[PDB]
Amino acid sequence: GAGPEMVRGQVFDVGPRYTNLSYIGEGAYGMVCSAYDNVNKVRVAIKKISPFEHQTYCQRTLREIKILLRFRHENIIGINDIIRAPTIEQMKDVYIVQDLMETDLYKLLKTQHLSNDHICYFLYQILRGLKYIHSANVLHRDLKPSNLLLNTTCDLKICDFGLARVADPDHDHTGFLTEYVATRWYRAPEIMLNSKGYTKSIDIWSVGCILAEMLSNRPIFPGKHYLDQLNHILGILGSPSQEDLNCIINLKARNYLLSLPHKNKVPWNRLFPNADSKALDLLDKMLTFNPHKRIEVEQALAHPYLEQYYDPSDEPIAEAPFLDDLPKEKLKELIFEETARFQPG
Ligand SMILES: Clc1cnc(NC2CCOCC2)nc1
């Protein structure tokens, strides 16, 4: 006879399939552990989610689950199993079981110099995974080093689809300084000026920032607050061109930009003196101020920097491309419904 597993004062109720737990860290809405899987005879990662009291937590849990269960791709984390109570009434927590990865790119960048061959391979795998995501008409919207998982042979998987959305470019426009959720350092400049982050170009900017960070082990645009992020971006890209300003029709955003003293572009080869010149050409194209001129994922894959890996026949797309007002009680039923396939029976 035996009760639920405990780890650091919290119930971590995954057994009897999952045993031999070790703490990893804190996730979004709960604890992250590794565990031995007695069926497949491997250690696995498990995240405990407790979203049911809040509609926003519910929405994000459901999004992640629905997207990750639909998606199947070598460069996208899957869901192996989901543990929850057998009834809606007894269900307080949801545990998501995923492949156990050695590390993530955030941790790796804090401790390891990357060879040019490693940067190339990591960038390739990011864009290969992103090709799939974008082909499903989905935007990840929070791409950053801690959302890129790596195994001991440097295979890379994109994780955390909690902020993802279906692309909606005809409703992308908004006013100046409109609040935004995704991680500050990886936000494209247009977020602060006139964009809701509903186009694919939002994700390309983030990947551009990740590439820059792989080159120097330091975030390229480490802003400390909302409009400081734009200060950092303009400080390297320089003042936007007249043509690029003309595409910002909103007057508050345009006039803000016009009010600033002239800033020169900082050449990439001066910021990154050891970088491969083809890597810097692709970086320039991913960190293009004007999101209409920014390179797309499939163009990025075809760039000469990635020529050793590029193979469109081995860069699959989604077979089946793809909640704001639904309250938390209905979202519980949808989460209960979406996780039913993992139950006994
Ligand atoms: Cl879904 C998932 C989450 N984390 C891991 N692993 C950790 C190991 C410690 O470094 C950070 C990543 N694997 C899978």
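Residues: numbered from 1 along the sequence shown. For the numbers below, each heavy atom of this structure counts, side chains included, while hydrogens, waters and symmetry mates do not. Numbering of ligands and ligand atoms starts at 1, following listing order.
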Note, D142 side chain near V181 side chain (heavy atom, < 4.5 Å): no

Contact residues of ligand 1, where a non-hydrogen atom lies under 4.0 Å away: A45, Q98, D99, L100, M101, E102, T103, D104, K107, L149

With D203, the side-chain hydrogen bond (donor to acceptor under 3.5 Å, both in side chains) member among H134, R141, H140: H134

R70 CZ: over 12 foreign heavy atoms closer than 6.0 Å: yes

All pairs passing side chain to side chain donor-acceptor pair (under 3.5 Å) where residues 219-233 contributes a residue, at least two apart: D228-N231, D228-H232

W205 and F221 aromatic ring geometry - parallel, tilted or perpendicular at 30°/60° bounds: parallel

Whether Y309 and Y124 hold their rings parallel, tilted or perpendicular, with breakpoints at 30° and 60°: parallel

